[PDB]
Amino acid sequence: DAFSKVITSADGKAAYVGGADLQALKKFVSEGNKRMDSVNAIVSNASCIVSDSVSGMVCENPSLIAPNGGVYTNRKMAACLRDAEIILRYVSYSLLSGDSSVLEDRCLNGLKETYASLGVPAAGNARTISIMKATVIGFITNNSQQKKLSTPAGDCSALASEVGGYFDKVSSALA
């Protein structure tokens, strides 16, 4: 409940879990150690993941940056990069905790409608999420070409599938 209460607290002030508490938390979800490396992969690379994904959305559809475009002007581009990071972080928290209940409750519930009212395009979102998904899976499966994780060698395919499922939850909600 240590982390859970951070989500619902008024100030969202930091909680720290170490020692026996952390040991117990790790025992409650599958593959606790690989799971922590996987969460670390996401958060340690958050800026590049978000930047490459939004960049790919635009290079696939450069009209998004033309006048009337979804990310025309720095103000809109910045709001997009922010949302990408927000979603990525709710996904990182889902992988940490072993379930998507907070992602669905505090990130996805109402998001499609909010985007509808703003004219935030579903096709662009779909591409951004698909790239974020591929990037994260890339790191976890040793398929990233520029930077590899500093972990013992082994197989993290199960966690890659799990996190893929969390991204798919986002994609489904926004479709």
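Numbering starts at 1 and runs along the sequence shown.
Higher mean CA B-factor, judged across 164 to 172 and 2 to 10 from the recorded values: 2 to 10. Set 78 to 86 against 94 to 102 and average the Cα temperature factors; 94 to 102 ends up higher. Comparing the C-alpha B-factors of 69, 56, 32, 138 in the entry, the top value falls on 69.
Going by the entry's values, 122 shows the largest Cα B-factor out of 122, 111, 49, 43. Residue-level temperature factors show residue 26 in the highest third of its chain, judged at the C-alpha atom.
Placement of the Cα temperature factor of residue 131 within the chain: lowest third of the modelled residues, per the deposited record.
Ranked against the other modelled residues of its chain, the C-alpha B-factor of residue 118 as given in the entry falls in the highest third. When the CA B factors of the chain's modelled residues are split into thirds, the value for residue 64 lands in the highest one.
In the deposited entry, the Cα temperature factor of residue 38 places it in the lowest third of its chain's modelled residues.
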